[PDB]
Amino acid sequence: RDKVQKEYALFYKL
Amino acid sequence: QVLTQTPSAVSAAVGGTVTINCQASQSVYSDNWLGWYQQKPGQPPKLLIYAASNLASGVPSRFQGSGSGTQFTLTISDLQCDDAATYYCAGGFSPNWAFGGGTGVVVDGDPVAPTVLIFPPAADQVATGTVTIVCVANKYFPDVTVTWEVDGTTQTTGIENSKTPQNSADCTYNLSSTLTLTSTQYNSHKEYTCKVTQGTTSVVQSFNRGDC
Amino acid sequence: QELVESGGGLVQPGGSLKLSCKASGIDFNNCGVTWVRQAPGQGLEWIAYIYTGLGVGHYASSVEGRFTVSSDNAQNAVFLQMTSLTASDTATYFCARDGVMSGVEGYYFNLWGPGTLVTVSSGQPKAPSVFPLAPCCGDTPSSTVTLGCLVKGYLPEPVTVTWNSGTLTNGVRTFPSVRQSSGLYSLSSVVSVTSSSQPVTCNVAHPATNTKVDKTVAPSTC
(Lines give C-alpha, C1' and ligand atoms only; values in the text may rest on other atoms or scores of the structure.)
Protein backbone atom coordinates (compact mmCIF):
# COMPACT_ATOMS: atom_id res chain seq x y z
CA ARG A 1 0.00 0.00 0.00
CA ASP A 2 1.44 3.33 -1.14
CA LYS A 3 0.43 6.86 -0.06
CA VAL A 4 -2.94 6.78 -1.83
CA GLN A 5 -3.61 3.28 -0.47
CA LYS A 6 -2.80 3.92 3.21
CA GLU A 7 -5.11 6.92 3.60
CA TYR A 8 -7.78 4.76 1.94
CA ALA A 9 -7.14 1.92 4.40
CA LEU A 10 -6.82 4.30 7.35
CA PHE A 11 -10.05 5.98 6.21
CA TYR A 12 -12.27 2.89 6.18
CA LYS A 13 -9.98 1.25 8.77
CA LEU A 14 -8.76 -1.94 7.10
CA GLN B 1 -22.08 14.27 10.56
CA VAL B 2 -24.26 16.79 8.74
CA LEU B 3 -23.49 18.71 5.53
CA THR B 4 -25.99 21.56 5.42
CA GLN B 5 -26.35 22.70 1.81
CA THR B 6 -27.39 26.16 0.63
CA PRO B 7 -29.35 27.00 -1.30
CA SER B 8 -31.89 24.19 -1.65
CA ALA B 9 -32.89 25.44 -5.12
CA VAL B 10 -31.51 28.04 -7.52
CA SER B 11 -32.80 29.48 -10.80
CA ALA B 12 -30.17 30.77 -13.22
CA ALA B 13 -30.10 31.67 -16.91
CA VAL B 14 -28.06 30.06 -19.66
CA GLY B 15 -24.48 31.30 -19.43
CA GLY B 16 -24.98 32.59 -15.89
CA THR B 17 -23.24 31.45 -12.72
CA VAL B 18 -24.61 29.50 -9.76
CA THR B 19 -23.05 29.03 -6.32
CA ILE B 20 -23.82 26.19 -3.90
CA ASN B 21 -22.50 26.28 -0.33
CA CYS B 22 -21.87 23.08 1.63
CA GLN B 23 -21.37 23.49 5.39
CA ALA B 24 -20.30 20.39 7.32
CA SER B 25 -21.17 19.83 10.98
CA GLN B 26 -17.55 18.77 11.59
CA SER B 27 -14.20 18.70 9.84
CA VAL B 28 -13.88 16.01 7.18
CA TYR B 29 -11.15 13.39 7.47
CA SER B 30 -9.22 15.51 4.94
CA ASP B 31 -9.78 17.60 1.82
CA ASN B 32 -9.26 14.40 -0.21
CA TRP B 33 -12.67 13.18 1.04
CA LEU B 34 -15.09 15.83 -0.23
CA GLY B 35 -16.79 15.58 -3.62
CA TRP B 36 -19.75 16.87 -5.61
CA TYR B 37 -22.23 14.61 -7.39
CA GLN B 38 -24.62 15.56 -10.19
CA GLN B 39 -27.89 13.63 -10.37
CA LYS B 40 -30.67 13.97 -12.94
CA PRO B 41 -34.16 12.47 -12.58
CA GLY B 42 -34.32 8.73 -13.12
CA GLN B 43 -30.52 8.38 -13.25
CA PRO B 44 -27.86 7.47 -10.68
CA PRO B 45 -25.59 10.21 -9.31
CA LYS B 46 -22.43 11.14 -11.19
CA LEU B 47 -19.13 12.27 -9.71
CA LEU B 48 -18.32 15.86 -10.69
CA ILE B 49 -15.59 17.16 -8.35
CA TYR B 50 -13.25 15.07 -6.19
CA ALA B 51 -10.72 16.02 -3.51
CA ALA B 52 -12.77 19.17 -2.82
CA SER B 53 -11.22 20.97 -5.80
CA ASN B 54 -10.16 18.44 -8.48
CA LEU B 55 -12.14 18.17 -11.71
CA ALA B 56 -13.27 14.58 -12.18
CA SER B 57 -12.27 12.86 -15.40
CA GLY B 58 -14.60 13.91 -18.20
CA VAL B 59 -16.22 16.86 -16.40
CA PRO B 60 -16.23 20.22 -18.22
CA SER B 61 -14.26 23.19 -16.94
CA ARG B 62 -17.47 25.05 -16.07
CA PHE B 63 -17.48 23.29 -12.68
CA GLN B 64 -15.11 24.46 -9.95
CA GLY B 65 -14.66 23.14 -6.42
CA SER B 66 -13.26 25.06 -3.47
CA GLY B 67 -13.13 24.88 0.32
CA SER B 68 -11.51 22.85 3.07
CA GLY B 69 -12.13 21.60 6.59
CA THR B 70 -15.86 22.21 6.94
CA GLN B 71 -16.83 24.96 4.44
CA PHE B 72 -17.02 24.01 0.76
CA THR B 73 -18.40 25.72 -2.33
CA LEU B 74 -19.46 24.54 -5.79
CA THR B 75 -19.39 27.02 -8.68
CA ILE B 76 -21.00 26.38 -12.07
CA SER B 77 -19.94 28.81 -14.79
CA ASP B 78 -21.40 29.27 -18.28
CA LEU B 79 -24.55 27.52 -17.12
CA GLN B 80 -25.98 25.27 -19.83
CA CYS B 81 -29.24 23.35 -20.12
CA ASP B 82 -27.33 20.09 -19.68
CA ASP B 83 -26.44 21.28 -16.16
CA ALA B 84 -30.12 21.10 -15.13
CA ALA B 85 -30.10 18.65 -12.22
CA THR B 86 -29.63 18.20 -8.46
CA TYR B 87 -26.17 18.54 -6.91
CA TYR B 88 -24.99 16.90 -3.68
CA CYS B 89 -21.85 17.34 -1.60
CA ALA B 90 -20.51 14.14 -0.03
CA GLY B 91 -17.84 14.31 2.66
CA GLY B 92 -15.89 11.43 4.14
CA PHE B 93 -15.34 11.30 7.90
CA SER B 94 -13.28 8.08 8.26
CA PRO B 95 -15.78 5.18 8.48
CA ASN B 96 -18.88 6.73 6.90
CA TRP B 97 -19.86 9.28 4.27
CA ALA B 98 -22.44 12.06 4.49
CA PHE B 99 -24.51 13.58 1.69
CA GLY B 100 -25.86 17.11 1.70
CA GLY B 101 -29.55 17.83 1.40
CA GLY B 102 -29.19 18.55 -2.31
CA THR B 103 -29.63 21.68 -4.41
CA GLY B 104 -31.91 21.67 -7.45
CA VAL B 105 -30.54 23.79 -10.31
CA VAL B 106 -33.08 25.08 -12.85
CA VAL B 107 -31.65 26.62 -16.03
CA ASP B 108 -33.51 29.44 -17.77
CA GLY B 109 -33.15 29.05 -21.53
CA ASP B 110 -34.72 30.55 -24.62
CA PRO B 111 -38.52 30.84 -24.26
CA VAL B 112 -40.52 28.48 -26.47
CA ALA B 113 -44.28 28.41 -26.98
CA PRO B 114 -45.82 24.95 -26.42
CA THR B 115 -47.87 22.75 -28.70
CA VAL B 116 -50.91 21.09 -27.14
CA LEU B 117 -52.35 17.63 -27.84
CA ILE B 118 -55.67 16.42 -26.42
CA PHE B 119 -56.48 12.71 -26.16
CA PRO B 120 -60.12 11.58 -25.80
CA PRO B 121 -60.73 8.51 -23.62
CA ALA B 122 -60.26 5.15 -25.28
CA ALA B 123 -63.33 3.28 -26.49
CA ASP B 124 -63.16 0.92 -23.49
CA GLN B 125 -62.70 3.55 -20.76
CA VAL B 126 -66.37 4.38 -20.12
CA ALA B 127 -67.03 0.67 -19.58
CA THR B 128 -65.01 0.89 -16.34
CA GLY B 129 -67.22 3.74 -15.10
CA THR B 130 -64.16 6.02 -15.02
CA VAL B 131 -62.85 8.26 -17.81
CA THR B 132 -59.41 9.90 -17.88
CA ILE B 133 -58.83 12.62 -20.49
CA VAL B 134 -55.15 13.30 -21.20
CA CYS B 135 -53.68 16.59 -22.44
CA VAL B 136 -50.00 17.14 -23.23
CA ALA B 137 -47.98 20.36 -23.56
CA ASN B 138 -44.99 19.71 -25.81
CA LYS B 139 -41.56 21.37 -25.94
CA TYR B 140 -41.90 24.64 -24.03
CA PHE B 141 -40.11 26.71 -21.44
CA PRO B 142 -41.53 29.40 -19.08
CA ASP B 143 -43.81 27.21 -16.92
CA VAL B 144 -47.38 27.02 -18.24
CA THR B 145 -50.77 26.74 -16.55
CA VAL B 146 -53.50 24.34 -17.67
CA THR B 147 -57.25 24.88 -17.33
CA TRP B 148 -59.89 22.31 -18.29
CA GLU B 149 -63.23 23.50 -19.68
CA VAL B 150 -66.25 21.23 -20.18
CA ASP B 151 -68.82 22.95 -22.41
CA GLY B 152 -67.43 26.31 -21.32
CA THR B 153 -67.36 25.47 -17.59
CA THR B 154 -63.96 25.56 -15.90
CA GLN B 155 -63.18 22.38 -13.97
CA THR B 156 -61.91 22.65 -10.40
CA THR B 157 -61.31 19.00 -9.42
CA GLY B 158 -60.16 15.73 -10.93
CA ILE B 159 -57.06 17.38 -12.43
CA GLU B 160 -53.46 16.31 -11.82
CA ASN B 161 -50.37 17.40 -13.75
CA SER B 162 -46.94 15.88 -14.29
CA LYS B 163 -43.88 17.63 -15.73
CA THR B 164 -40.82 16.00 -17.27
CA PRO B 165 -37.24 17.13 -16.58
CA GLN B 166 -35.73 19.92 -18.64
CA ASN B 167 -34.38 18.91 -22.04
CA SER B 168 -30.59 18.64 -21.88
CA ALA B 169 -30.32 20.62 -25.14
CA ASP B 170 -32.80 23.50 -24.88
CA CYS B 171 -34.03 23.59 -21.26
CA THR B 172 -37.56 22.91 -22.50
CA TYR B 173 -40.24 21.11 -20.49
CA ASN B 174 -42.97 18.60 -21.26
CA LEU B 175 -46.18 18.39 -19.26
CA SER B 176 -49.20 16.08 -19.15
CA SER B 177 -52.57 17.05 -17.67
CA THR B 178 -55.27 14.47 -16.98
CA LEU B 179 -58.93 15.12 -16.17
CA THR B 180 -60.70 12.16 -14.56
CA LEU B 181 -64.45 12.15 -13.94
CA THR B 182 -67.44 9.83 -13.77
CA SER B 183 -68.62 8.10 -16.93
CA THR B 184 -72.05 9.55 -16.14
CA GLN B 185 -70.51 13.03 -16.19
CA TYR B 186 -68.45 12.40 -19.34
CA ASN B 187 -71.66 11.56 -21.23
CA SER B 188 -73.53 14.59 -19.84
CA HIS B 189 -71.31 16.88 -21.96
CA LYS B 190 -69.79 17.07 -25.43
CA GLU B 191 -67.07 19.73 -25.74
CA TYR B 192 -63.91 19.06 -23.71
CA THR B 193 -61.22 21.74 -23.97
CA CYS B 194 -57.60 21.88 -22.80
CA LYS B 195 -56.14 25.39 -22.54
CA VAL B 196 -52.44 25.93 -21.80
CA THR B 197 -51.54 29.53 -20.97
CA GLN B 198 -47.95 30.81 -21.02
CA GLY B 199 -48.29 34.23 -19.42
CA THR B 200 -51.09 35.86 -21.40
CA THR B 201 -50.88 33.64 -24.52
CA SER B 202 -53.10 30.56 -24.74
CA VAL B 203 -53.04 27.40 -26.85
CA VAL B 204 -56.35 25.54 -27.10
CA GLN B 205 -57.08 21.99 -28.25
CA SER B 206 -60.56 20.48 -28.02
CA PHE B 207 -62.60 17.49 -29.14
CA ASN B 208 -66.30 16.66 -29.39
CA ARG B 209 -67.52 13.53 -27.61
CA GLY B 210 -69.78 12.69 -30.56
CA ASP B 211 -66.83 12.37 -32.95
CA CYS B 212 -64.26 10.11 -31.25
CA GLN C 1 -18.10 -1.62 -16.68
CA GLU C 2 -21.72 -2.16 -15.64
CA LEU C 3 -23.66 -2.80 -12.44
CA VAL C 4 -27.18 -4.05 -11.74
CA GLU C 5 -29.03 -4.35 -8.44
CA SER C 6 -31.96 -6.73 -8.01
CA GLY C 7 -34.33 -7.81 -5.25
CA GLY C 8 -36.49 -4.70 -4.87
CA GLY C 9 -40.24 -4.97 -4.50
CA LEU C 10 -43.20 -4.61 -2.20
CA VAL C 11 -42.60 -5.82 1.36
CA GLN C 12 -44.63 -5.61 4.56
CA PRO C 13 -43.54 -3.50 7.56
CA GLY C 14 -41.19 -5.65 9.62
CA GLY C 15 -40.38 -8.14 6.87
CA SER C 16 -36.93 -8.76 5.42
CA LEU C 17 -35.50 -8.51 1.91
CA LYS C 18 -32.08 -9.30 0.40
CA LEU C 19 -30.78 -7.02 -2.35
CA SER C 20 -27.96 -7.98 -4.72
CA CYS C 21 -25.46 -5.97 -6.77
CA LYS C 22 -23.90 -7.93 -9.64
CA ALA C 23 -21.12 -6.73 -11.94
CA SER C 24 -20.97 -7.24 -15.72
CA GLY C 25 -17.64 -6.03 -17.08
CA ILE C 26 -15.46 -5.76 -13.98
CA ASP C 27 -14.83 -7.57 -10.69
CA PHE C 28 -15.26 -6.86 -6.98
CA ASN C 29 -11.68 -7.84 -6.07
CA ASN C 30 -9.97 -5.47 -3.61
CA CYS C 31 -12.38 -2.55 -3.91
CA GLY C 32 -15.11 -0.83 -1.93
CA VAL C 33 -18.80 -1.42 -2.63
CA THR C 34 -21.16 1.21 -1.23
CA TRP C 35 -24.95 1.26 -0.96
CA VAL C 36 -26.89 4.53 -1.28
CA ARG C 37 -30.68 4.75 -1.02
CA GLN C 38 -32.91 7.64 -2.04
CA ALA C 39 -36.51 7.96 -0.90
CA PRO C 40 -39.00 9.13 -3.55
CA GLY C 41 -38.40 12.81 -4.21
CA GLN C 42 -35.82 12.99 -1.42
CA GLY C 43 -32.03 13.23 -1.23
CA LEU C 44 -29.23 10.69 -1.23
CA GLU C 45 -28.48 8.76 1.97
CA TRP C 46 -25.28 6.84 2.63
CA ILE C 47 -26.24 3.62 4.40
CA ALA C 48 -23.64 0.85 4.22
CA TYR C 49 -20.16 0.07 2.92
CA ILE C 50 -18.16 -3.13 2.45
CA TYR C 51 -14.60 -3.73 1.23
CA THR C 52 -14.36 -6.95 -0.79
CA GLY C 53 -10.65 -7.20 0.05
CA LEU C 54 -11.02 -8.60 3.57
CA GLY C 55 -14.77 -8.23 4.12
CA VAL C 56 -14.83 -4.99 6.13
CA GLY C 57 -18.36 -3.61 6.42
CA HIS C 58 -19.63 -0.27 7.73
CA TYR C 59 -23.23 0.75 8.34
CA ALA C 60 -24.97 4.06 8.93
CA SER C 61 -26.85 4.78 12.15
CA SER C 62 -30.20 4.62 10.34
CA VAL C 63 -29.61 0.95 9.47
CA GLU C 64 -27.57 0.08 12.58
CA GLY C 65 -28.00 -3.61 13.37
CA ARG C 66 -30.99 -4.08 11.04
CA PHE C 67 -29.09 -4.50 7.75
CA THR C 68 -26.08 -6.55 6.68
CA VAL C 69 -23.74 -6.15 3.70
CA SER C 70 -22.47 -9.38 2.13
CA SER C 71 -19.78 -9.96 -0.49
CA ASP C 72 -20.16 -13.53 -1.74
CA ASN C 73 -17.59 -13.33 -4.54
CA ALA C 74 -19.16 -16.34 -6.28
CA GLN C 75 -20.42 -14.74 -9.50
CA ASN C 76 -18.88 -11.41 -8.41
CA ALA C 77 -21.70 -9.63 -6.60
CA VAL C 78 -22.41 -7.81 -3.34
CA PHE C 79 -25.56 -8.27 -1.27
CA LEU C 80 -27.54 -6.20 1.24
CA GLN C 81 -29.68 -8.11 3.75
CA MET C 82 -32.42 -5.99 5.35
CA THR C 83 -34.03 -7.36 8.51
CA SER C 84 -36.75 -5.41 10.34
CA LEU C 85 -37.97 -2.98 7.68
CA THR C 86 -40.11 0.13 8.07
CA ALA C 87 -41.89 2.66 5.87
CA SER C 88 -38.89 5.00 6.11
CA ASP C 89 -36.79 2.35 4.33
CA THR C 90 -38.85 2.85 1.16
CA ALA C 91 -36.46 4.24 -1.44
CA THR C 92 -34.37 3.45 -4.51
CA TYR C 93 -31.23 1.56 -3.47
CA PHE C 94 -28.05 2.07 -5.51
CA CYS C 95 -24.69 0.34 -5.33
CA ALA C 96 -21.44 2.06 -6.28
CA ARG C 97 -17.90 0.78 -6.80
CA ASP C 98 -14.69 2.64 -5.94
CA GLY C 99 -11.13 2.21 -7.15
CA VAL C 100 -12.30 2.22 -10.78
CA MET C 101 -10.32 5.41 -11.42
CA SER C 102 -6.63 6.11 -10.76
CA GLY C 103 -5.35 8.17 -7.85
CA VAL C 104 -7.43 10.00 -5.26
CA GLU C 105 -10.46 9.94 -7.58
CA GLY C 106 -10.69 6.21 -6.84
CA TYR C 107 -11.82 7.03 -3.30
CA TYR C 108 -15.20 8.17 -4.65
CA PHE C 109 -18.15 6.27 -6.11
CA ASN C 110 -17.00 5.86 -9.72
CA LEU C 111 -19.41 3.23 -11.07
CA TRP C 112 -23.11 3.23 -10.16
CA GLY C 113 -26.00 0.91 -10.90
CA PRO C 114 -29.45 1.88 -12.18
CA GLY C 115 -30.95 1.31 -8.72
CA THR C 116 -33.65 -1.03 -7.41
CA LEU C 117 -36.83 0.33 -5.83
CA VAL C 118 -38.04 -1.08 -2.50
CA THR C 119 -41.57 -0.31 -1.30
CA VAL C 120 -42.46 -0.97 2.35
CA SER C 121 -46.18 -0.86 3.17
CA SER C 122 -49.23 -3.05 3.74
CA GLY C 123 -50.99 -2.12 0.49
CA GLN C 124 -52.04 -4.94 -1.79
CA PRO C 125 -50.46 -5.01 -5.26
CA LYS C 126 -52.69 -4.25 -8.23
CA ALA C 127 -51.71 -4.36 -11.90
CA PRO C 128 -52.41 -1.31 -14.08
CA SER C 129 -55.05 -0.87 -16.79
CA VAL C 130 -53.37 0.24 -20.01
CA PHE C 131 -55.51 2.45 -22.26
CA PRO C 132 -54.66 3.76 -25.74
CA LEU C 133 -53.97 7.45 -26.37
CA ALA C 134 -54.83 8.52 -29.92
CA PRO C 135 -56.17 11.77 -31.39
CA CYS C 136 -59.92 12.06 -31.84
CA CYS C 137 -60.98 10.47 -35.12
CA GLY C 138 -61.94 13.92 -36.43
CA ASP C 139 -58.62 15.76 -36.28
CA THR C 140 -56.26 17.01 -38.97
CA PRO C 141 -53.26 14.66 -39.33
CA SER C 142 -50.03 14.90 -41.34
CA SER C 143 -46.78 13.07 -42.09
CA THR C 144 -46.37 12.42 -38.35
CA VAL C 145 -48.68 11.74 -35.40
CA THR C 146 -48.42 11.40 -31.61
CA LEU C 147 -49.67 8.20 -29.97
CA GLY C 148 -49.47 7.13 -26.34
CA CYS C 149 -50.72 4.86 -23.58
CA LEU C 150 -52.31 5.57 -20.19
CA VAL C 151 -51.19 3.44 -17.23
CA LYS C 152 -53.38 4.13 -14.19
CA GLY C 153 -54.45 2.44 -10.97
CA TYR C 154 -51.36 0.42 -10.06
CA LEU C 155 -49.60 -0.11 -6.73
CA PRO C 156 -45.83 -0.66 -6.21
CA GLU C 157 -44.60 1.85 -8.81
CA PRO C 158 -41.78 0.13 -10.75
CA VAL C 159 -43.56 0.20 -14.13
CA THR C 160 -41.47 0.04 -17.31
CA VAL C 161 -43.00 1.38 -20.53
CA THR C 162 -41.54 0.76 -23.98
CA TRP C 163 -42.58 1.03 -27.62
CA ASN C 164 -42.20 -1.72 -30.23
CA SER C 165 -40.43 -4.00 -27.74
CA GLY C 166 -37.76 -1.34 -27.19
CA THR C 167 -37.00 -0.65 -30.86
CA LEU C 168 -38.83 2.71 -31.04
CA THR C 169 -37.12 5.09 -28.61
CA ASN C 170 -36.61 8.35 -30.54
CA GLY C 171 -39.17 10.91 -29.41
CA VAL C 172 -40.56 8.96 -26.44
CA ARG C 173 -41.97 11.05 -23.57
CA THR C 174 -42.80 9.07 -20.42
CA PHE C 175 -44.09 11.48 -17.79
CA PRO C 176 -43.36 10.96 -14.08
CA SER C 177 -45.94 8.96 -12.17
CA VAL C 178 -48.45 10.66 -9.86
CA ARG C 179 -49.78 9.06 -6.67
CA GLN C 180 -53.54 9.65 -6.81
CA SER C 181 -55.85 10.16 -3.84
CA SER C 182 -56.67 6.44 -3.68
CA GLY C 183 -52.97 5.65 -3.19
CA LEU C 184 -52.69 4.20 -6.71
CA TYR C 185 -50.14 5.59 -9.14
CA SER C 186 -50.65 6.49 -12.79
CA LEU C 187 -48.53 7.77 -15.67
CA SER C 188 -48.66 8.26 -19.43
CA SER C 189 -46.24 7.76 -22.32
CA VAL C 190 -46.62 9.30 -25.78
CA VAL C 191 -44.46 8.92 -28.88
CA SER C 192 -44.22 10.82 -32.16
CA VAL C 193 -43.97 8.58 -35.23
CA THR C 194 -44.20 9.05 -38.99
CA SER C 195 -47.42 7.54 -40.30
CA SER C 196 -46.83 4.33 -42.27
CA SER C 197 -47.35 0.56 -42.12
CA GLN C 198 -45.50 -0.02 -38.84
CA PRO C 199 -46.97 -1.58 -35.66
CA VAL C 200 -46.93 0.97 -32.83
CA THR C 201 -47.41 -0.82 -29.51
CA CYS C 202 -46.63 0.08 -25.90
CA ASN C 203 -45.17 -2.66 -23.69
CA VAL C 204 -46.31 -2.04 -20.10
CA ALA C 205 -44.65 -4.20 -17.44
CA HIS C 206 -45.41 -4.34 -13.70
CA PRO C 207 -42.87 -6.57 -11.91
CA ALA C 208 -44.71 -6.24 -8.59
CA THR C 209 -47.70 -8.15 -9.99
CA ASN C 210 -45.70 -9.98 -12.70
CA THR C 211 -47.77 -8.69 -15.62
CA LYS C 212 -46.96 -7.62 -19.17
CA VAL C 213 -49.47 -5.75 -21.34
CA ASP C 214 -49.11 -4.81 -25.02
CA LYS C 215 -51.65 -2.29 -26.34
CA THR C 216 -51.61 -1.59 -30.08
CA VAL C 217 -52.37 2.14 -30.28
CA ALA C 218 -54.64 2.86 -33.23
CA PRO C 219 -53.91 6.08 -35.16
CA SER C 220 -57.41 7.40 -34.35
CA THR C 221 -60.32 6.84 -31.98
CA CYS C 222 -62.35 5.26 -34.80
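So that the names make sense, note that chain A is the first sequence line, chain B the second, and so on, each numbered from 1. In what follows, every heavy atom counts, from backbone to side chain, and hydrogens, waters and symmetry copies are set aside.
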Item to complete: Compute whether any side-chain donor of one residue and acceptor of the other, for C:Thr209 and C:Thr211, lie under 3.5 angstrom apart.
Response: yes
Worksheet item: Under 3.5 Å, is there a donor-acceptor pair linking the side chains of B:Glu160 and C:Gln180?
Response: yes
Worksheet item: Do B:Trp148 and B:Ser177 have side-chain atoms, one donor and one acceptor, less than 3.5 Å apart?
Response: yes
Item to complete: State, without any angle test, whether C:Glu157 and C:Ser177 hold a side-chain donor-acceptor pair at a distance under 3.5 Å.
Response: yes
Response to the item:
Smallest heavy-atom separation, B:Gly92 atom then B:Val28 atom, equals O-CB, 3.4 Å
Worksheet item: Would C:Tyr107 and B:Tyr50 count as a close aromatic pair, with their ring centres under 6.0 Å?
Response: no
Worksheet entry | Criterion side-chain contact (heavy atoms from CB on, under 4.5 Å) on B:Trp36 and B:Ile20, from CA distance to verdict | CA-CA 10 Å; B:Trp36 295 88; B:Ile20 302 178; 3.9 Å; yes
Discussion item. Could you go through B:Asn54 and C:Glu105, starting from their C-alpha distance and side-chain angles, then the distance that decides it, and tell me whether this counts as side-chain contact (heavy atoms from CB on, under 4.5 Å)?
Written reply: CA-CA 9 Å; B:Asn54 290 128; C:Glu105 186 179 347; over 6 Å; no
Discussion item. Checking C:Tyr59 against C:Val69 for the side-chain contact (heavy atoms from CB on, under 4.5 Å) test, could you report, in this order, the C-alpha distance in whole Å, the side-chain angles of both residues, the deciding distance, and whether it holds?
Written reply: CA-CA 8 Å; C:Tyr59 310 89; C:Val69 60; 3.1 Å; yes
Worksheet item: Do the side-chain N and O atoms of B:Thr132 and B:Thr180 include a donor-acceptor pair separated by under 3.5 angstrom?
Response: yes
Worksheet item: So, B:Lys40 and B:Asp83, do they make that salt bridge, N to O below 4.0 Å?
Response: no
Worksheet item: When the ring centroid of A:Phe11 is compared with that of B:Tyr29, is the distance short of 6.0 Å?
Response: yes
Item to complete: Could you tell me which residues satisfy salt bridge (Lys or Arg N to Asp or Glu O under 4.0 Å) with B:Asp170, sequence neighbours excluded, listed by chain and number?
Response: B:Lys139
Worksheet item: Do the side chains of B:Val146 and B:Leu175 get nearer than 4.5 Å, heavy atoms only?
Response: yes
Item to complete: Check whether the side chains of B:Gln1 and B:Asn96 place a donor and an acceptor atom closer than 3.5 Å, and report yes or no.
Response: yes
Discussion item. Quiz question: by atom type and distance under 3.5 Å, do the side chains of C:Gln38 and B:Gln39 form a donor-acceptor pair?
Written reply: yes
Worksheet item: Quick check, are the ring centers of B:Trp33 and B:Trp97 under 6.0 angstrom apart?
Response: yes
Worksheet entry | Test log, rule side-chain contact (heavy atoms from CB on, under 4.5 Å), inputs C:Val217 and C:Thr201 | CA-CA 6 Å; C:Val217 184; C:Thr201 335; over 6 Å; no
Worksheet entry | Pair C:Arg173, C:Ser192: side-chain N/O donor-acceptor within cut-off below 3.5 Å | yes
Practice prompt. Take the angle between the ring planes of B:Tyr87 and B:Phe63 and call it parallel below 30°, perpendicular above 60°, tilted in between.
Written response: tilted
Practice prompt. Kindly indicate whether a cation-pi arrangement holds for C:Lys126 with C:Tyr154, taking the cut-offs as under 6.0 Å to the six-membered ring centre and within 45° of the axis.
Written response: no
Item to complete: Using distance alone, with no hydrogens and no angle criterion, decide if B:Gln80 and B:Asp78 have a side-chain donor and acceptor under 3.5 Å apart.
Response: yes
Worksheet entry | Stepwise side-chain hydrogen bond (donor to acceptor under 3.5 Å, both in side chains) check, C:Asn76 with C:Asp27 | CA-CA 6 Å; C:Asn76 60 179; C:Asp27 56 321; over 6 Å; no
